[PDB]
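1. pasting an experimental structure with its sequence.
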6 protein chains.
Amino acid sequence: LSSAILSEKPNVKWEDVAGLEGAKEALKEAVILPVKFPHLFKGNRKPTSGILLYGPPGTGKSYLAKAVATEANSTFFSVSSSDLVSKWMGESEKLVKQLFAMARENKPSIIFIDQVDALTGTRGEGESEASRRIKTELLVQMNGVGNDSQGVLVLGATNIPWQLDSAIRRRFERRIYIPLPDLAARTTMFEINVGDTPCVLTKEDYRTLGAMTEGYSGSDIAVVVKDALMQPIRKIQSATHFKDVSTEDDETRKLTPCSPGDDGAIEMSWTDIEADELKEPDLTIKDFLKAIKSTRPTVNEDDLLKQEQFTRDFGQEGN
Amino acid sequence: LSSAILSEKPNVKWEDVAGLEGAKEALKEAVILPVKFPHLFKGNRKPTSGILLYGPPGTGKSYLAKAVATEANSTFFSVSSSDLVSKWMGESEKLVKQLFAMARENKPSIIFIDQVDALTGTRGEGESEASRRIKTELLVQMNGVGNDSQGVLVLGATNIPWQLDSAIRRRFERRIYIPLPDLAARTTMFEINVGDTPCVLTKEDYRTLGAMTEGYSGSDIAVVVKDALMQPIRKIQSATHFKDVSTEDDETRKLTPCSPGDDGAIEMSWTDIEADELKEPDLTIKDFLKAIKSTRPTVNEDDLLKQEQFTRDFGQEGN
Amino acid sequence: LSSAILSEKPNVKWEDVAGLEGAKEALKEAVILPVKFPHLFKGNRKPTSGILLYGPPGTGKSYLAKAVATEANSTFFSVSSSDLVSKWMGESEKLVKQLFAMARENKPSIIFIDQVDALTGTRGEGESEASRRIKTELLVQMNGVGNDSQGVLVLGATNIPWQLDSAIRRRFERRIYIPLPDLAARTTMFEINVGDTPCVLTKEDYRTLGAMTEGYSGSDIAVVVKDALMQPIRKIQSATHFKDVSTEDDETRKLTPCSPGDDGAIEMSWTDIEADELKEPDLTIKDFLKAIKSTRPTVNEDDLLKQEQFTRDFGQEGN
Amino acid sequence: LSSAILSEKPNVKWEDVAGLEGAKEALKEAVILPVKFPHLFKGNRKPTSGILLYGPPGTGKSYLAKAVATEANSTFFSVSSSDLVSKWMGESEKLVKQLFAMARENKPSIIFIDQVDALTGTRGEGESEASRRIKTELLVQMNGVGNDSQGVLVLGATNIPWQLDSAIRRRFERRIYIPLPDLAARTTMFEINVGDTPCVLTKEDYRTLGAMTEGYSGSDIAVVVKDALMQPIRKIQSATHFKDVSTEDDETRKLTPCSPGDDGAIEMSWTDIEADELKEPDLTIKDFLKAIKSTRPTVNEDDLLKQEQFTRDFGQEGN
Amino acid sequence: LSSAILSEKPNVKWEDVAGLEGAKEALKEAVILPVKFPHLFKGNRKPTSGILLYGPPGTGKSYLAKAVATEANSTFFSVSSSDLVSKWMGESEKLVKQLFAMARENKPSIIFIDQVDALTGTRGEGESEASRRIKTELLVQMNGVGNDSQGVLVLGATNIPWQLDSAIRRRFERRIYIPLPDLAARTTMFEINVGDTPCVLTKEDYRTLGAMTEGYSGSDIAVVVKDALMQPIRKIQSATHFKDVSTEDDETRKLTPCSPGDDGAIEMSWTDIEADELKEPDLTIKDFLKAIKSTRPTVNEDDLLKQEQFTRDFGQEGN
Amino acid sequence: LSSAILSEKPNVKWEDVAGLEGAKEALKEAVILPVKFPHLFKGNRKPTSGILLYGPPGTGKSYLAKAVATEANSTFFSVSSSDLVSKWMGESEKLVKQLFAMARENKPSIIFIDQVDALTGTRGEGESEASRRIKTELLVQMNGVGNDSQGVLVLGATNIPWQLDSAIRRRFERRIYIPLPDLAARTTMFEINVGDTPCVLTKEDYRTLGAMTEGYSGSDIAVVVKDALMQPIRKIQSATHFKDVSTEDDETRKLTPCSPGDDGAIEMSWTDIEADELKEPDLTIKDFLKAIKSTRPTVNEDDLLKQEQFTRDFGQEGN
Ligand SMILES: Nc1ncnc2c1ncn2[C@@H]1O[C@H](COP(=O)(O)OP(=O)(O)OP(=O)(O)O)[C@@H](O)[C@H]1O
Ligand SMILES: Nc1ncnc2c1ncn2[C@@H]1O[C@H](COP(=O)(O)OP(=O)(O)OP(=O)(O)O)[C@@H](O)[C@H]1O
Ligand SMILES: Nc1ncnc2c1ncn2[C@@H]1O[C@H](COP(=O)(O)OP(=O)(O)OP(=O)(O)O)[C@@H](O)[C@H]1O
Ligand SMILES: Nc1ncnc2c1ncn2[C@@H]1O[C@H](COP(=O)(O)OP(=O)(O)OP(=O)(O)O)[C@@H](O)[C@H]1O
């Protein structure tokens, strides 16, 4: 009957969300400011009902949705455009009706439709057959809630905003463009995870490597991080001949990963090695070089020409 | 069985609608006049059954309909593309038979069908099984009732008209085009959307606005209005200083933003001091100027070509 | 089982309807004639079953079916895909069976199926789930009435002829093409639809209007009539001053709309005038001229392009 | 539980059924021969298990089944696929098992399933799942096998052998393609339906009728004949003058319409002229000419594509 | 509580079943050879839980099963494919328990299931009622036969293999492919179906039968045989002329159809020939010239390709 | 999921895996090591989520997956991709997610997806909707959660590790090649195949057989063993006379196959052979030469080489 999707409590703060200040401003203004001071928004003015995030994949749109949901002080409705039901003799609209309707009585609430471009058909697709009932139903019901309930937030996280129909995006309110990460943002994104190996060289090297690794997405950064995690393990693959860097005064000889060519190295059962005698090497520049060697820029120039054209004619902020 | 949807009275005035006088009087002739003056309705005179609205979306079709909700002085039921269940396979038609049944036995009532383009068929293949019979039902319910005796009114509000079926088109009586509001109309939209704010110190400002802003609907204009309301709040959010120029007749001193180069002013922030002792400045021009610069027009010119093509097919007045 | 249709009685005469007396002759010959002269239909000469009406929308094929229904003297029942439909995801063949049988009980019977394309396809991919079963039943029932001897007359009215199936087409009688109204017919339809209103009766005016009104169905002409009827009401809503045109034979001084600077110009509003003294203005010539200035032509060619391909080498029968 | 379906049979000969002689001959082989000479089918040989007819619509395959039923001198069962169908939902195929049980319990019976395409064919749907069990039970009951078993001739008709299931085609025994008739067969078709009226009794006329036009089934020819018969009657409808062509030997003047320039011409209402005194006009070539000019030949080449793809490469007797 | 399924004893044996040497093999060691093993049944040899027969239609799976049932001398009850279903929508698996339990109670047992794909998929709909627990019940009963001594054997037979459910197959062992008979096998089948037919005993002519024919099964070959047998019937029916060939050694005057150009040929009709005096002529190559041209195969290559991907994918280990 | 998925606590051990050095390297660092020492990883290093097992068919990838699942005593859930593509028209996302939920509820489980390749296919048509969304869904679920709860392990299996996730193309994670067994391994598998039963020839003969087979699989060997079990069978069938074994040891006469004339060849026929007197002899070279004869080459040729090409290219880590 209901089939309601649960909303967990993820821990992503504003300090974790690196870069893009204007979006943060828009979101605080959108949700946090009316929660902080409600009597200001009265009479004529009403809060932003339909905020649109857009950009290429892996850039932290879902991550920002989760971030807002962390510091919401409110309910949430996580849902994908495709993943609930899709074409079974029609009827994928009742789900929407129960979604919005059950968001009405529970005031201050945040809806999130992941990838709205999947609903609309660019050539024909389901939009010719039965998905017109979806596109219509969303189009009508999104405005009917803000007419009745007054200020129920719907957050757009589309990848393809220009194939998307013009009728949806004019009913949907202000836009938020997501460009590629900049100096400070990429920099801080390196020092979030791990932190057991006590840093690397000074922050100038994070900027040098940063400018070398500029143009990467958030997922690309995550993959770099994962690579760096796996680096000492692939250094363990090459070893099987363990040297002790420290002295013999400790409880056990600290086994470092290294080749047999280096002196003072001996072999043993690598499977049955305890954690205390293990020791990771320092994270070298070759981590970033292996990252580079994975064929990086998914964000190519010719594809995002359209992104930046559909950007500039509306711009920062928007509808 | 019954499936009641609307039983409310949202307050909308006569003067809220701006563009086209003849478009309003078309409805007024068609809706209120026969109920008000039934003695005139005798013999050869027949009621204007069916009032379709069309045009580029955002301009004010749904808004017009929901104005009519206040202006009707009678019970009515809206409906989207939400004919319920085909899991049973049979009840989809019977719901329409109930819908048309619940309209006619109750004396003068209305039915609002949002987005008639969804309920459309012509190519067939996939339509034949499920929705072809729905379209046929739609056709057959407004076939015999159209002439002689009729206590029902049909309404329509589509995004794009030309994809609709020919049979529904020609058989439906009164279609109306809703263009982009002119300088006087949009000015009137500005004037009404001022509301409870303490005035604006100019009359030519509206002219400046509506002349500069070209190719805007009611929606995005109201969005701009919302923005320009939330501008001085942002000014307050950035600004710290306050020179005491508050009246003694009020309950207490009220915080308003002032310039840094101005002596005798406390610099305690909006966050520290209470919100009940806060004040917003009067609306300027520059807030609207920058609001225009942020919010560029949503309605593209390429979409209007086929709109006007449909107009020169059928036009402002129905048929 | 007992859920039957109600037989209403709209007084539609033969001489009132215009457009093709050959069709009328086919109808009378099929329906009324054998009731009239039953001895003339005894032997090889027989009344064939299944006269198909079709054409563009709003041309009056449904209305012509009602014209048969009026003067047939027939205990008839008509139904589209409303009552006769599957309910339990299965059986709607019995409904056809007892439908035909309950028509076979009283044998001055006509069965009118409005929009036969609803209960028809061609292959349908997964048509065996439902529609093939009912369609097949329909096919198998009227085999015995198509030729040989049975006293039932089937009728049909559809806008899309090519989507109708071959095997149904060869089960059916003569398919009478109903085109758009022509000069003389159209000319007739003006004064008949207007009724007994004072409409300055001269045939030259009808000649002129009929000349000017090119490319119009029958329904749109009734809409035009309706517009012309609504016109003097509109003048009543734009009537500032009134004057007594008629003499003092009636009980009160009868007031009718006039020019502002006229003799005896009473200033009270149109709503304040009582029904006994409220007299509508007489119908002019230019009211129609302006009506057709507002009322643009109805007939789009795109639908008729296939009918141009049809009517030449198809038209009468399949072919 | 028991519900038998048996009906009376009027006169239908072998001679009047025009078409392929081998098809009729094959039916003689399958029907009359085993009853006449049963000792021939005792040992190696067995009677024909089943013959499925197929072709374009209105070709007389149902009429052929009728003819066989007349000339069988046996218990002729005839029932469609969707007639015997589950009302209860639980029980379903037991109706079929009782039916073929009835076929077994009576000595050599003949079964007829009109439109076999209703069931049989499916593309992984299973006709709403539940009715796949009928599809399945039809095979396991041992009807279509070409080995051993009781002599029970199952018959059928279909317009779509490509939609028909391959496994059943392979299972069920013999096919007969029913083609469209040629000069000779068509000529016969003309010369049968005559009756009391002696039109123009020569072979030149019928061979002109057959030679001029082309592309006919059997039902359309019948329709044409009917039209031709009705021609003089509709000419009696438009009868101004009257003439006594009949001799004085009769009881009263058997009147008929005539040309204006005639000796002893009289004018009155044609309705008052009774059956005994109404001499009908004799039929002519021009009557058939006008018949043709109204009633077109009814064959379409789009149906012949998928038919001939099933036939032309193979020839006769099936796929 | 009547559970008396039709026990029968056909006259088919291993000698008159041509082709499928591997299948004949695999059934010999699955049943009859295990009947001769009441000592080395379990231990070395793993007994078969179930045998799946699959392939194109008309290959002879049912025929094979029946032959087996004749041969083995076992308590056999071939299941009704569809009828194991809830009549009252309550009891259902009681019938399964009646089947399997009584099949266990006499342990020279065989259970044959023609069309195991009757339990077709799921798709929701009406499968969730008693059919779900039928599906489960099959699985519990085949877990029942898995335990204890394997007297019962699940002989799976189906036309469409891929539509059968996964979970049945995953708990199922033996899968014997049944292809179309090759040249030798087809020749031997012809030889079998000849039997007691006059003459035609030359191996070059049986080559000739085998050579021209391509891609056939047992059903269509039987049909061909039947046709061949019916040729001399037609040659009797056509030939009016006759002559006595038999001498005084034969007692009865054996009448037989002579050549047309024959001196002193009596011309009494074929219908006047009595049973005692009849003599039908011997078969020739002329019969097979007409048979091969007339009769033709059904199933396409693509079905066999589906069987080849089923062959390559499924069959091995536990698929 | 309604018995489509297998579940058990398997007890499959390292000792039964003959020489799979690759598994023994990769799994022991990826899975076993984290099980042993969870705290052994510095920073945010967390266990592998997905492992692809890839190689030719019949290497017991299932056996290996079960052995992996044996180590934590983890529940082994497993499902076939092929099986849920065509039957349902797989929109199984909701059920996959529920599956994951239920498996997550049970503390560490392992998910096994067999033939992951069957999901891929950039073909087009209606297959797109039943493939593309599954592929998208697969690529989301492979990193559906950010470590934390996907310590629960996904094992993919493929025989054709080209085309999409297994291939050069994109994504996955750590992959392992599962090679065919070498001579020694195959010999050990022969040693482990079934439970012998009375006496065979030498382990070196089996090495000879294993030497004779290059590129043949564990499954091919299992086919040879299934053929081995039929050696006594085919002895029973093919010999006409047998020879006595019972000297002074056995109580009753017991036979082995020989030629008709031999020293101690009993003379009654194979058909006569009673239960007790039947005795399978030892399996000799001649029985295995006959096994060599009756096992044709199994294996596809070009895939081996392509997978060697991918092995040379990739294998280490994700792509
Ligand atoms: N501004 C940011 N600050 C820190 N981390 C980020 C930022 N943007 C992206 N990331 C990282 O990228 C990872 C994945 O990004 P995410 O999947 O949210 O992108 P997405 O565009 O929403 O993808 P999809 O549209 O497919 O859901 C996150 O785990 C997060 O750590
Ligand atoms: N030939 C005519 N004579 C008189 N009135 C007509 C004629 N044609 C149309 N009308 C008027 O216009 C209306 C036509 O409506 P109607 O529903 O019959 O059109 P239709 O084409 O049959 O509809 P559909 O396409 O649904 O079958 C009628 O109410 C009738 O009064
Ligand atoms: N060869 C023929 N001889 C005599 N009458 C014929 C012949 N062919 C057609 N007819 C006449 O025309 C009609 C044909 O209708 P019938 O249903 O028998 O054809 P059909 O091919 O079975 O149609 P369908 O395939 O649509 O069921 C019959 O009523 C019959 O009187
Ligand atoms: N090897 C054979 N020898 C003799 N006759 C055969 C052979 N194979 C098939 N036939 C004949 O063809 C017919 C095949 O019918 P059968 O029902 O056994 O095929 P099937 O594939 O099981 O069909 P279904 O699956 O629809 O039951 C049998 O009646 C039999 O006479």
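-> Perfect, I can see it now. Numbers count the residues shown, from 1 in each chain, chains lettered A, B, ... in the order given. Ligands and ions are numbered 1, 2, ... in the order given.
2. which stretches in the stretch 101-250 of chain A count as helices?
-> Assigned by DSSP state H, counting those that start in this stretch, the helices in the stretch 101-250 of chain A fall at A:125-128, A:132-148, A:166-171, A:183-190, A:203-212, A:218-238.
3. out of the ones you listed, which gets nearest to residue B:307?
-> Among the helices of the stretch 101-250 of chain A, the nearest to residue B:307 by CB to CB is helix A:166-171 (11.9 Å). Backbone N, C-alpha and C define where each C-beta goes, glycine included.
4. packing partners of that closest one?
-> helix A:132-148, helix B:218-238 (3 or more CB pairs under 8 Å, 6 or more residues apart in numbering or on different chains; DSSP states H and E).
5. ok, now which ones touch the residue nearest the centre of chain A?
-> Nearest to the mean C-alpha position of chain A, counting by CA atoms, centre = their mean, stands residue A:60 at 2.4 Å. Listed by CB atoms under 8 Å, 6 or more residues apart in numbering or on different chains, the contact partners of residue A:60 are A:17, A:178, A:218.
6. and it, how far from residue A:19?
-> 9 Å (CB to CB, to the nearest Å).
7. same check on residue A:124?
-> The spacing between residue A:124 and residue A:19, counted by CB to CB, is 39 Å.
8. of these two, which one has the most company?
-> When residue A:124 and residue A:19 are compared for neighbours, residue A:19 comes out ahead with 20 against 8, by other CB atoms under 10 Å in any protein chain shown.
9. before we move on, the earlier item: what about the residue nearest to the centre of chain A, distance to ligand 4?
-> Residue A:60 sits 59 Å away from ligand 4, going by CB to the nearest ligand atom, to the nearest Å.
10. what comes into contact with stretch A:209-218?
-> With CB under 8 Å, 6+ apart as the criterion, stretch A:209-218 contacts A:56-60, A:63, A:180-181, A:183, A:186-187, A:189-190, A:224, A:285, A:288, A:291-292, A:296-299.
11. columns mean neighbour count on top of the helices and strands packed on helix A:166-171, output as CSV?
-> Formatted as CSV, those follow (neighbours: other CB atoms under 10 Å in any protein chain shown):
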stretch, mean neighbour count
helix A:132-148, 20
helix B:218-238, 19
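12. please name whichever of the ones you listed is nearest to ligand 4.
-> Among the helices and strands packed on helix A:166-171, the nearest to ligand 4 by CB to the nearest ligand atom is helix A:132-148 (42.1 Å).
13. what count of nearby residues applies to residue A:168?
-> By other CB under 10 Å, 23 other residues sit near residue A:168.
14. show me the strands in the stretch 201-319 of chain A, by range?
-> A:242-244, A:255-256, A:265-266 (DSSP state E, counting those that start in this stretch).
15. check whether the first one contacts chain F.
-> No - using CB under 8 Å from any CB of the partner chain as the criterion, no contacts between strand A:242-244 and chain F are found, and the smallest distance is 14.8 Å.
16. output the contacting helices and strands for that strand.
-> Strand A:242-244 makes packing contacts with strand A:255-256, strand A:265-266 when contacts are defined by 3+ CB pairs under 8 Å, 6+ apart.
17. highest mean neighbour count out of those strands?
-> Ranked by mean neighbour count under mean count of other CB atoms under 10 Å in any protein chain shown, these are led by strand A:255-256, which reaches a mean of 22.
18. hmm, back to that, show me the one of the helices and strands packed on helix A:166-171 that comes nearest residue B:131.
-> Smallest distance to residue B:131 across the helices and strands packed on helix A:166-171 (CB to CB): 9.0 Å, for helix A:132-148.
19. now chain A against chain E: closest residue?
-> Proximity to chain E, evaluated over chain A using CB to the nearest CB, is greatest for residue A:88 at 8.2 Å.
20. does that residue touch residue F:91 like I think?
-> Yes - using CB atoms under 8 Å, residue A:88 is in contact with residue F:91, at 7.3 Å.
21. these two: who's more crowded?
-> Remark: of residue A:88 and residue F:91, residue F:91 carries more neighbours, 17 against 14, as counted by other CB under 10 Å.
22. so what's the backbone phi/psi at that one?
-> phi -110, psi 60 (degrees, to the nearest 10).
23. picking that back up, now, of the contacts of stretch A:209-218, which are buried?
-> Using 16 or more other CB atoms under 10 Å in any protein chain shown as the burial test, the contacts of stretch A:209-218 include A:56, A:58-60, A:63, A:180-181, A:186-187, A:189-190, A:224, A:288, A:291, A:299 as buried.
24. for the residues you listed, work out which two are farthest apart.
-> A:63 and A:288 (22.4 Å).
25. how about the residues of the stretch 1-150 of chain A by ligand 1?
-> Proximity of the stretch 1-150 of chain A to ligand 1, by CB under 6 Å from any ligand atom, involves residues A:16, A:17, A:18, A:19, A:57, A:58, A:59, A:60, A:61, A:62, A:63.
26. list the contacts for the nearest residue to residue A:67 once chain neighbours are set aside?
-> Sequence neighbours aside, residue A:12 is the residue nearest to residue A:67 in space, at 4.2 Å (criterion: CB to CB, 6 or more residues apart in numbering or on different chains). Residue A:12 makes contact with A:63, A:66, A:67, A:70, according to CB under 8 Å, 6+ apart.
27. identify the bridge partners of residue A:175.
-> For residue A:175, the beta-bridge partners are residue A:52 (DSSP bridges).
28. which residues touch it?
-> A:52, A:54, A:314, A:317, A:318, A:319.
29. and the residue of the stretch 1-150 of chain A found nearest chain B, what is it in contact with?
-> In the stretch 1-150 of chain A, the residue that lies nearest chain B is residue A:44 (3.9 Å; CB to the nearest CB). Neighbouring residues of residue A:44 by CB under 8 Å, 6+ apart: B:193, B:194, B:195, B:196, B:197, B:229.
30. same thing but at 7 Å, please
-> Contacts here follow CB atoms under 7 Å, 6 or more residues apart in numbering or on different chains; on that basis residue A:44 touches B:195, B:196, B:197, B:229.
31. for it, which three-state class applies?
-> Here residue A:44 is coil, with the state taken from DSSP: H, G, I helix; E, B strand; the rest coil.
32. any idea how far residue C:267 is from the residue in the stretch 51-200 of chain A that ligand 1 sits nearest to?
-> With CB to the nearest ligand atom as the measure, residue A:60 is the residue of the stretch 51-200 of chain A nearest to ligand 1, at 2.3 Å. Distance of residue A:60 to residue C:267, given as CB to CB: 72 Å.
33. buried ones in the helix or strand harbouring residue A:34?
-> When secondary structure is defined by DSSP states H and E, residue A:34 falls within helix A:33-36. Residues of helix A:33-36 classed as buried: A:33, A:34 (neighbour count, 16+ other CB under 10 Å).
34. just stretch A:201-209 next, same as before
-> Result for stretch A:201-209 [16+ other CB under 10 Å]: buried residues A:206, A:209.
35. who in the stretch 201-319 of chain A is up against ligand 1?
-> Where the stretch 201-319 of chain A comes near ligand 1, counting by CB under 6 Å from any ligand atom, the residues are A:218, A:219, A:222.
36. ok, the residue nearest to the last one when sequence neighbours are not counted - contacts?
-> Read that as residue A:222. Closest residue to residue A:222 in three dimensions, ignoring its sequence neighbours and counting by CB to CB, 6+ apart: residue A:58, at 7.8 Å. Counting by CB under 7 Å, 6+ apart, residue A:58 makes contact with A:217, A:218, A:219, A:220.
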